[PDB]
Amino acid sequence: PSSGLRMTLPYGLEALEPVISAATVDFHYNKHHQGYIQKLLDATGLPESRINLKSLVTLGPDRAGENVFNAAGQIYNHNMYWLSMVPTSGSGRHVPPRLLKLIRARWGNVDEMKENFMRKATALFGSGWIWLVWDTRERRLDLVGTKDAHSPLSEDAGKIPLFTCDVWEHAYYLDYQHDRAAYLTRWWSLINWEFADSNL
Amino acid sequence: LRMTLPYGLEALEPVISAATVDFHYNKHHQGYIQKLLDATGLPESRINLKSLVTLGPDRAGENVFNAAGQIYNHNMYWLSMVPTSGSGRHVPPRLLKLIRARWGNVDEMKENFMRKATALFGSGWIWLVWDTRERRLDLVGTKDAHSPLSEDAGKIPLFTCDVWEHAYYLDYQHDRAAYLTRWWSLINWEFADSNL
Ligand SMILES: [Fe+3]
Ligand SMILES: [Fe+3]
């Protein structure tokens with residue numbers, strides 16, 4: 001699901017309320033997220049059926065071309081993001097024991113984890129993304145920031161993406177304006193911990 | 001305290017909304033002032049804004065730089081605009097002949113501005129600069145908190161259009177182009193020309 005050009009929203013536009021308004025999901029998904037799709041079609045000139053999304057993201061902005069990469073990267077990223085949140089009446093809010101043991105090993109308990117995430121996620125300067133990753137080189141969880149359209153996948157340095165929080169101002173500005181931390185504290189309550197564990 | 005707004009919050013309507021000027025200026029712009037003080041541990045009296053900007057993030061340190069650059073960039077941003085009631089003024093004759101020299105007329109400049117300002121990916125800024133090395137007007141984009149002042153090669157900033165989404169999101173959402181063509185009517189040519 002997480003791969004693939006044209007991912008359908010796995011839920012309604014208001015299913016993230018009251019953390020992220022219907023208005024925000026509407027613009028984020030139907031404007032930003034779709035815009036990137038056309039954008040990638042226009043920049044490759046390829047038909048949908050010929051585009052391998054992850055392959056472009058790993059290829060990188062140099063080999064793929066800045067604008068092919070920014071588009072593809074943004075699609076992969078936005079894919080991961082919608083998948084990272086549980087709607088109202090979804091499931092996935094509970095931490096599978098497997099992932100839970102790993103997070104306790106890194107940070108002690110989830111409270112400590114949230115606190116490092118808030119620290120790193122508020123400080124990220126500019127347009128970017130926050131990722132929980134599993135570091136394969138080091139066999140441990142970690143929190144990583146990437147800029148613009150970059151990712152653990154495009155950095156291709158052994159870090160496997162588990163979840164992502166969009167930190168571009170378009171992700172929260174309608175709802176929280178300058179107050180990214182307010183957005184972040186509440187986006188935590190949305191995490192699909194199941195999905196995260198499944199990327200292990 | 002670097003700085004004060006020339007107009008009231010509503011002075012840029014209908015291009016930019018009172019709400020956007022309030023958040024942009026009172027939370028965003030002003031907020032970096034208290035970030036700068038802390039990151040440097042210095043008082044207002046002991047901080048030279050341009051000094052830290054031209055130092056860059058390696059010399060000044062990442063947070064000092066990001067903050068000082070944003071106070072400078074925003075200082076330029078507000079002064080690059082005039083109230084919509086003051087719109088439509090002639091570009092001073094000295095600036096105009098430089099514009100024509102470069103792009104034929106202003107309309108062709110504007111088209112170049114739209115192309116560059118619409119393509120900048122992520123957060124950043126669009127500047128009109130005098131290119132000392134090249135003896136001519138130019139339009140450039142810089143990323144995040146960077147600026148022609150940061151670059152320090154020889155490009156003098158004449159005006160800036162803020163292109164971070166906070167600049168336009170409440171009014172135009174994803175539609176940056178829409179923000180861009182209308183922002184153009186607000187350009188403070190007096191300021192721009194005065195910056196040569
Ligand atoms: Fe986004
Ligand atoms: Fe700004």
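Below, all heavy atoms of this structure are taken into account, side chains as well, without hydrogens, waters or symmetry copies. Chain letters run A, B, ... following the sequence lines, proteins first and then strands; every chain starts at 1.
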Undergrad: Around atom CD of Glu10(B), are there more than 12 heavy atoms from other residues, nucleotides or ligands closer than 6.0 Å?
TA: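 No, because the 6.0 Å sphere around CD of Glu10(B) holds 12 heavy atoms or fewer from other groups.
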Undergrad: Do other residues, nucleotides or ligands put more than 12 heavy atoms under 6.0 Å from the NZ atom of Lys39(A)?
TA: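 Atom NZ in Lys39(A) is not packed in, count stays at 12 or less.
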Undergrad: Applying a strict under-4.5 Å side-chain criterion to I, L, V, M, F, W and Y, I'd like to know whether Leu158(B) and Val106(B) cluster together.
TA: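 Yes, it is one cluster - the side chains of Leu158(B) and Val106(B) are joined through contacts under 4.5 Å.
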Undergrad: Quick check on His166(B) against chain A: is it the side chain, the backbone, both or neither that has a heavy atom closer than 4.5 Å?
TA: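 Contact with chain A: backbone and side chain both.
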Undergrad: Which one of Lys147(A), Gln177(A), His28(A) has the most heavy-atom pairs closer than 4.5 Å to chain B?
TA: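 Going by pairs under 4.5 Å, I would pick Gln177(A).
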Undergrad: Which residues from residues 79-103 of chain B are near chain A, with near meaning under 4.5 Å between non-hydrogen atoms?
TA: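 Interface residues of residues 79-103 of chain B: none, nothing closer than 4.5 Å to chain A.
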Undergrad: Is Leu149(B) linked to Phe65(B) within one hydrophobic cluster, defined over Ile, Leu, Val, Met, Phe, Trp and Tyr using a side-chain heavy-atom separation of less than 4.5 Å?
TA: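 Shared cluster, no.
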Undergrad: Does a sphere of radius 6.0 Å around CZ in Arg50(A) hold more than 12 heavy atoms from other residues, nucleotides or ligands, not counting ones at 6.0 Å or beyond?
TA: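 Counting neighbours around CZ of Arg50(A), 12 or fewer heavy atoms of other residues, nucleotides or ligands fall under 6.0 Å, so no.
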Undergrad: Name the region of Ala149(A), side chain, backbone, both or neither, that has any atom closer than 4.5 Å to a heavy atom of chain B.
TA: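 Interface part for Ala149(A): both.
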Undergrad: Considering residues, nucleotides and ligands other than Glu194(A), do more than 12 of their heavy atoms fall under 6.0 Å from its CD?
TA: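 Result for CD/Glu194(A): open.
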Undergrad: Could you state whether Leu55(B) and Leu37(B) fall into the same hydrophobic cluster, counting links through intermediate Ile, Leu, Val, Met, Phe, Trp or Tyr residues with side-chain heavy atoms under 4.5 angstrom apart?
TA: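 In one cluster with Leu55(B): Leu37(B), no.
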Undergrad: Taking side chain as everything from C-beta outward and backbone as N, CA, C, O, which of these in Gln74(A) sits under 4.5 Å from a heavy atom of chain B? Side chain, backbone, both or neither.
TA: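 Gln74(A) touches chain B through side-chain heavy atoms alone.
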Undergrad: How far does CH2 of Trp168(A) sit from OH of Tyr169(B), to the nearest 0.5 angstrom?
TA: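 Reported to 0.5 Å precision, the distance equals 11.0 Å.
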Undergrad: Measure the CZ-CG distance between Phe27(A) and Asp175(B) for me, rounded to the nearest 0.5 Å.
TA: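 Interatomic distance, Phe27(A) CZ to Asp175(B) CG, rounded to 0.5 Å: 10.0 Å.
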Undergrad: Does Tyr32(B) have its ring centroid less than 6.0 Å away from the ring centroid of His178(A)?
TA: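 No.
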